[PDB]
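Working notes, structure below.
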Protein chains: 4
Amino acid sequence: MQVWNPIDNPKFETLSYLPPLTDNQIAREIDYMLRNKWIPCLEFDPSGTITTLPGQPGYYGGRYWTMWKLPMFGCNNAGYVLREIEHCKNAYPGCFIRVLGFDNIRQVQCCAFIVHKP
Amino acid sequence: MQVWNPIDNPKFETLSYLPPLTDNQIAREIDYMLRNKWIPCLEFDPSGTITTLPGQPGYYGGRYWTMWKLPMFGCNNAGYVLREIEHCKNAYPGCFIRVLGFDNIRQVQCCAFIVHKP
Amino acid sequence: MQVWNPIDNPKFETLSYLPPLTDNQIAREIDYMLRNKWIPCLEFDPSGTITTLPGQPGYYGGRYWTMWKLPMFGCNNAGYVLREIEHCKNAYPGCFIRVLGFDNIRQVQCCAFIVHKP
Amino acid sequence: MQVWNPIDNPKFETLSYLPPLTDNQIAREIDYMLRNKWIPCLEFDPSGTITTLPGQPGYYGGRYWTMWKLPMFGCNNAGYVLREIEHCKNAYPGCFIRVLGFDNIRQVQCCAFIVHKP
């Protein structure tokens with residue numbers, strides 16, 4: 001029998017229950033988005049809390065982050081996405097950073113995972 | 001004439017107005033729960049405050065604590081409950097700890113008292 | 001022309017716009033309450049702020065203080081009220097203190113002023 | 001491509017997106033108010049934040065400041081407005097300061113800009 005820790009144990013959605021992610025395993029999730037013709041993007045924010053309202057169902061605060069430059073339309077190689085992450089983290093070394101993708105035919109995001117923590 | 005102190009004087013429900021509890025007087029409240037065929041349990045939480053809501057009668061926040069492992073079904077000797085409290089005290093030396101009992105025929109708790117303070 | 005200061009300038013109701021009160025001028029407001037057959041009392045509290053509620057007219061929080069021992073029924077000399085203030089000042093040297101009076105025929109207070117500040 | 005900074009970048013309404021203001025171009029915005037027959041005034045406050053209410057459209061908190069002495073009725077030279085700003089700066093060296101103007105025929109303010117920051 002073992003006990004799960006309730007104090008100071010935050011989580012960050014998908015892939016947060018596995019061992020930490022290495023640099024190889026990161027450029028295998030981008031070649032899967034490129035093989036299906038999706039569009040990469042980047043974001044950053046200094047905090048991650050959630051706020052509500054008294055009597056309004058389905059309203060939450062803290063779901064929008066700030067966009068780095070613009071979506072990378074017409075991209076074929078995975079060596080540019082990896083270089084943009086390094087430019088992002090040299091200017092803001094005290095924020096979180098997250099990677100997304102875009103399906104343009106169904107208009108919905110397809111991926112999300114964290115690559116940097118403060 | 002004497003004056004009761006209003007500053008920094010919290011209380012913790014049953015048995016809090018008596019002198020502090022010794023190790024002998026603790027293993028006399030367990031032999032009374034065992035003589036009536038009840039089931040022991042343990043809990044712990046870092047805080048103890050209470051919160052309310054504007055216009056909802058009978059709603060309070062801060063009434064659930066975290067359970068240690070599981071209720072001790074089929075227990076006859078009082079030397080195991082005393083050993084589990086010591087295992088609980090080494091993992092979390094900065095929390096409160098409470099002892100409970102269960103009546104399975106009327107479905108209601110039967111006792112509660114505090115054994116450790118931060 | 002001169003300017004009235006808006007920063008860090010609290011006030012405490014009646015008699016608070018006059019120069020500070022000396023020990024002589026304090027035992028002249030008690031002989032005026034005793035000449036009309038009223039009953040002295042004492043109070044103390046650590047804070048002095050006021051709160052409200054969203055949509056309830058005439059509700060304010062922070063209007064009750066704590067009472068020292070009991071009202072002084074049947075008191076004729078002013079040397080006891082002055083001695084009780086000194087007993088109150090040694091037990092709680094970090095609170096405010098107020099002096100009250102009671103009219104028992106119209107059931108309403110008649111006086112109030114501050115004698116000690118933290 | 002360049003990125004606009006989202007962290008710790010407050011703004012103060014009109015003329016805040018231009019380079020900082022020198023002493024020459026502070027005595028050119030007053031001769032424009034004097035040529036149209038308007039009335040100068042001054043203000044100061046220690047903070048600059050805004051607050052709202054749950055369900056009341058068009059209500060905001062933090063829109064009133066404190067007035068220095070009085071509006072300058074019948075003023076023709078711009079050397080008095082410049083001297084009053086210096087008297088205001090020695091008494092309260094930890095507040096913001098604003099300059100206003102008044103049109104008495106349409107009853108509406110005509111300008112506002114900041115001249116001192118903490």
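Residue numbering restarts at 1 in every chain; chains get A, B, ... in the order shown in the structure tokens, and ligands count up from 1 in that same order.
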Q.
Taking the DSSP secondary structure from the backbone, can you list the residues of stretch 6-75 of chain D that are helix (DSSP H, G or I), as number ranges by chain?
A. D: 24-26, 30-34
Keeping only N, CA, C and O atoms, write the selected residues to a file as a PDB file, in the first residue's frame.
ATOM      1  N   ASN D  24       9.839  72.300 -22.748  1.00  0.00           N
ATOM      2  CA  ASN D  24       9.354  73.209 -23.779  1.00  0.00           C
ATOM      3  C   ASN D  24       7.950  72.837 -24.231  1.00  0.00           C
ATOM      4  O   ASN D  24       7.054  73.685 -24.239  1.00  0.00           O
ATOM      5  N   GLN D  25       7.730  71.571 -24.588  1.00  0.00           N
ATOM      6  CA  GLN D  25       6.412  71.155 -25.050  1.00  0.00           C
ATOM      7  C   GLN D  25       5.509  70.790 -23.880  1.00  0.00           C
ATOM      8  O   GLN D  25       4.854  69.745 -23.895  1.00  0.00           O
ATOM      9  N   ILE D  26       5.476  71.643 -22.863  1.00  0.00           N
ATOM     10  CA  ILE D  26       4.500  71.559 -21.786  1.00  0.00           C
ATOM     11  C   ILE D  26       3.937  72.964 -21.642  1.00  0.00           C
ATOM     12  O   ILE D  26       2.823  73.165 -21.146  1.00  0.00           O
ATOM     13  N   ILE D  30      -0.443  74.715 -23.012  1.00  0.00           N
ATOM     14  CA  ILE D  30      -1.182  75.627 -22.150  1.00  0.00           C
ATOM     15  C   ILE D  30      -1.588  76.894 -22.899  1.00  0.00           C
ATOM     16  O   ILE D  30      -2.693  77.409 -22.691  1.00  0.00           O
ATOM     17  N   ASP D  31      -0.731  77.397 -23.788  1.00  0.00           N
ATOM     18  CA  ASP D  31      -1.061  78.534 -24.635  1.00  0.00           C
ATOM     19  C   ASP D  31      -2.115  78.207 -25.676  1.00  0.00           C
ATOM     20  O   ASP D  31      -2.690  79.127 -26.263  1.00  0.00           O
ATOM     21  N   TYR D  32      -2.382  76.928 -25.927  1.00  0.00           N
ATOM     22  CA  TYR D  32      -3.492  76.527 -26.777  1.00  0.00           C
ATOM     23  C   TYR D  32      -4.816  76.492 -26.035  1.00  0.00           C
ATOM     24  O   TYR D  32      -5.852  76.793 -26.626  1.00  0.00           O
ATOM     25  N   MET D  33      -4.798  76.130 -24.753  1.00  0.00           N
ATOM     26  CA  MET D  33      -5.983  76.222 -23.912  1.00  0.00           C
ATOM     27  C   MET D  33      -6.319  77.667 -23.564  1.00  0.00           C
ATOM     28  O   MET D  33      -7.498  78.020 -23.466  1.00  0.00           O
ATOM     29  N   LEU D  34      -5.306  78.514 -23.385  1.00  0.00           N
ATOM     30  CA  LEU D  34      -5.548  79.920 -23.079  1.00  0.00           C
ATOM     31  C   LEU D  34      -6.066  80.708 -24.276  1.00  0.00           C
ATOM     32  O   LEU D  34      -6.797  81.684 -24.085  1.00  0.00           O
TER      33      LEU D  34
END
**Q.** Spatial neighbours of residue A:117, max dist 8 Å, only C-alpha atoms, sep filter under 4 positions, as a list in words
**A.**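 Result of the neighbour search: residues 94, 95, 96 and 97 of chain A.
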Q.
Taking only C-alpha atoms into account, find every residue of chain B that has an atom no more than 9 Å from chain C, and write it out as an NGL selection string.
A. :B and (1-3 or 6-7)
Might you pull out every residue within 12 Å of residue C:42, with only C-alpha atoms counted and same-chain residues fewer than 4 positions away left off, and present them as an mmCIF file with N, CA and C atoms, in the first residue's frame?
data_model
loop_
_atom_site.group_PDB
_atom_site.id
_atom_site.type_symbol
_atom_site.label_atom_id
_atom_site.label_comp_id
_atom_site.auth_asym_id
_atom_site.auth_seq_id
_atom_site.Cartn_x
_atom_site.Cartn_y
_atom_site.Cartn_z
ATOM 1 N N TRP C 65 -18.109 45.427 19.870
ATOM 2 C CA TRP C 65 -16.833 45.232 20.544
ATOM 3 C C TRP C 65 -17.049 44.301 21.736
ATOM 4 N N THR C 66 -15.974 44.013 22.463
ATOM 5 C CA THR C 66 -16.017 43.090 23.591
ATOM 6 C C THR C 66 -16.037 43.860 24.905
ATOM 7 N N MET C 67 -16.831 43.375 25.856
ATOM 8 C CA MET C 67 -17.096 44.067 27.113
ATOM 9 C C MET C 67 -16.159 43.573 28.211
ATOM 10 N N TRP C 68 -15.635 44.511 29.009
ATOM 11 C CA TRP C 68 -14.579 44.209 29.974
ATOM 12 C C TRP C 68 -15.017 43.257 31.086
ATOM 13 N N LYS C 69 -15.866 43.698 32.018
ATOM 14 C CA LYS C 69 -16.445 42.772 32.989
ATOM 15 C C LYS C 69 -17.968 42.769 32.969
ATOM 16 N N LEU C 70 -18.608 43.905 33.277
ATOM 17 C CA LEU C 70 -20.053 44.072 33.415
ATOM 18 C C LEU C 70 -20.349 45.544 33.688
ATOM 19 N N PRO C 71 -21.565 46.024 33.424
ATOM 20 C CA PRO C 71 -21.898 47.407 33.788
ATOM 21 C C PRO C 71 -21.833 47.630 35.293
ATOM 22 N N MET C 72 -21.479 48.860 35.678
ATOM 23 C CA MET C 72 -21.262 49.216 37.084
ATOM 24 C C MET C 72 -22.549 49.779 37.680
ATOM 25 N N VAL C 81 -14.029 54.188 38.189
ATOM 26 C CA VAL C 81 -13.975 54.138 36.735
ATOM 27 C C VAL C 81 -12.561 54.408 36.250
ATOM 28 N N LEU C 82 -11.857 55.341 36.891
ATOM 29 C CA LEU C 82 -10.483 55.645 36.523
ATOM 30 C C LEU C 82 -9.521 54.510 36.844
ATOM 31 N N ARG C 83 -9.766 53.754 37.915
ATOM 32 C CA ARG C 83 -8.913 52.618 38.242
ATOM 33 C C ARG C 83 -9.166 51.416 37.345
ATOM 34 N N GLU C 84 -10.400 51.226 36.874
ATOM 35 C CA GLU C 84 -10.679 50.106 35.978
ATOM 36 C C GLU C 84 -10.023 50.272 34.611
ATOM 37 N N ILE C 85 -9.900 51.510 34.124
ATOM 38 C CA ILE C 85 -9.211 51.756 32.863
ATOM 39 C C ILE C 85 -7.755 51.320 32.926
ATOM 40 N N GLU C 86 -7.097 51.498 34.067
ATOM 41 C CA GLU C 86 -5.711 51.077 34.224
ATOM 42 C C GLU C 86 -5.551 49.567 34.290
ATOM 43 N N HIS C 87 -6.493 48.859 34.918
ATOM 44 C CA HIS C 87 -6.478 47.403 34.851
ATOM 45 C C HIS C 87 -6.694 46.915 33.426
ATOM 46 N N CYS C 88 -7.573 47.579 32.670
ATOM 47 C CA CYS C 88 -7.796 47.184 31.281
ATOM 48 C C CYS C 88 -6.564 47.409 30.413
ATOM 49 N N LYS C 89 -5.721 48.385 30.760
ATOM 50 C CA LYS C 89 -4.594 48.766 29.913
ATOM 51 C C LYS C 89 -3.391 47.847 30.055
ATOM 52 N N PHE C 96 -7.705 49.151 21.171
ATOM 53 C CA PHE C 96 -8.412 50.391 21.461
ATOM 54 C C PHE C 96 -9.335 50.183 22.657
ATOM 55 N N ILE C 97 -9.701 51.283 23.316
ATOM 56 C CA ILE C 97 -10.592 51.239 24.474
ATOM 57 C C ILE C 97 -11.599 52.382 24.377
ATOM 58 N N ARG C 98 -12.860 52.097 24.725
ATOM 59 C CA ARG C 98 -13.954 53.058 24.641
ATOM 60 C C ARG C 98 -14.735 53.086 25.950
ATOM 61 N N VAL C 99 -15.383 54.220 26.221
ATOM 62 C CA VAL C 99 -16.176 54.425 27.432
ATOM 63 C C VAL C 99 -17.610 54.752 27.032
ATOM 64 N N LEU C 100 -18.571 54.056 27.637
ATOM 65 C CA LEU C 100 -19.981 54.154 27.277
ATOM 66 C C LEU C 100 -20.825 54.581 28.473
ATOM 67 N N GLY C 101 -22.081 54.922 28.185
ATOM 68 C CA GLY C 101 -23.059 55.194 29.218
ATOM 69 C C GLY C 101 -24.424 54.700 28.779
ATOM 70 N N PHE C 102 -25.283 54.440 29.764
ATOM 71 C CA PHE C 102 -26.573 53.799 29.524
ATOM 72 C C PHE C 102 -27.685 54.592 30.194
ATOM 73 N N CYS C 111 -23.193 58.416 25.510
ATOM 74 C CA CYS C 111 -21.854 58.961 25.352
ATOM 75 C C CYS C 111 -20.953 57.904 24.731
ATOM 76 N N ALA C 112 -19.844 58.366 24.148
ATOM 77 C CA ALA C 112 -18.786 57.491 23.654
ATOM 78 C C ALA C 112 -17.541 58.293 23.292
ATOM 79 N N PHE C 113 -16.375 57.888 23.796
ATOM 80 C CA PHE C 113 -15.120 58.511 23.396
ATOM 81 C C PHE C 113 -13.959 57.565 23.684
ATOM 82 N N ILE C 114 -12.846 57.784 22.979
ATOM 83 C CA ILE C 114 -11.687 56.898 23.006
ATOM 84 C C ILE C 114 -10.669 57.412 24.017
ATOM 85 N N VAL C 115 -10.096 56.496 24.796
ATOM 86 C CA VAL C 115 -9.123 56.863 25.814
ATOM 87 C C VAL C 115 -7.753 56.228 25.603
ATOM 88 N N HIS C 116 -7.613 55.240 24.721
ATOM 89 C CA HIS C 116 -6.324 54.602 24.486
ATOM 90 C C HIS C 116 -6.246 54.137 23.040
#
Q: Find the distance between atom CA of residue B:48 and atom CA of residue B:118 and write it in Å to one decimal.
A: 11.6 Å
**Q.** Computed interatomic separation between atom CA of residue D:90 and atom CA of residue C:4 (Å)
**A.**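 Atom-to-atom, atom CA of residue D:90 and atom CA of residue C:4 are spaced 15.1 Å apart.
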Within 12 Å of residue B:49 using only C-alpha atoms, minus same-chain residues under 4 positions, as a CSV table (one decimal) with N, CA, C and O atoms, in the first residue's frame:
chain,number,residue,atom,x,y,z
B,10,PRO,N,-8.2,29.4,19.3
B,10,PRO,CA,-9.0,28.5,18.5
B,10,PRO,C,-9.4,27.2,19.3
B,10,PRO,O,-8.7,26.9,20.3
B,11,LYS,N,-10.4,26.5,18.8
B,11,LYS,CA,-10.9,25.3,19.5
B,11,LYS,C,-11.2,24.2,18.4
B,11,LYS,O,-11.4,24.6,17.2
B,12,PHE,N,-11.2,23.0,18.8
B,12,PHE,CA,-11.2,21.8,17.9
B,12,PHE,C,-12.3,20.8,18.3
B,12,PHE,O,-12.0,19.6,18.4
B,45,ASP,N,-5.1,16.9,7.1
B,45,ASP,CA,-5.3,18.1,6.3
B,45,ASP,C,-4.4,19.2,6.8
B,45,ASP,O,-4.1,19.2,8.0
B,60,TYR,N,-21.4,24.8,3.5
B,60,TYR,CA,-20.1,25.2,4.1
B,60,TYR,C,-18.9,24.5,3.4
B,60,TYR,O,-19.1,23.4,2.9
B,61,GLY,N,-17.8,25.2,3.3
B,61,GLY,CA,-16.6,24.7,2.7
B,61,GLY,C,-15.5,24.4,3.7
B,61,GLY,O,-15.3,25.2,4.7
B,62,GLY,N,-14.9,23.2,3.5
B,62,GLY,CA,-13.8,22.8,4.4
B,62,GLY,C,-14.2,21.7,5.4
B,62,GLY,O,-13.7,21.7,6.5
B,63,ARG,N,-15.0,20.8,4.9
B,63,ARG,CA,-15.5,19.7,5.7
B,63,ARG,C,-15.0,18.3,5.4
B,63,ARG,O,-15.2,17.4,6.1
B,64,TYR,N,-14.3,18.2,4.2
B,64,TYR,CA,-13.7,17.0,3.8
B,64,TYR,C,-12.2,17.0,4.0
B,64,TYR,O,-11.5,18.1,3.7
B,65,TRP,N,-11.6,16.0,4.5
B,65,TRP,CA,-10.2,15.8,4.7
B,65,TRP,C,-9.8,14.6,3.8
B,65,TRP,O,-10.6,13.9,3.2
Q | Å distance separating atom CA of residue C:79 from atom CA of residue C:93, one decimal place | A |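 Atom-to-atom, atom CA of residue C:79 to atom CA of residue C:93, that is 21.6 Å.
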(Q) Can you tell me, as a list in words, which residues in stretch 28-90 of chain C count as strand (DSSP E) by DSSP? (A)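 Answer for stretch 28-90 of chain C, restricted to strand (DSSP E): residues 39, 40, 41, 42, 43, 44, 45, 66 and 67 of chain C.
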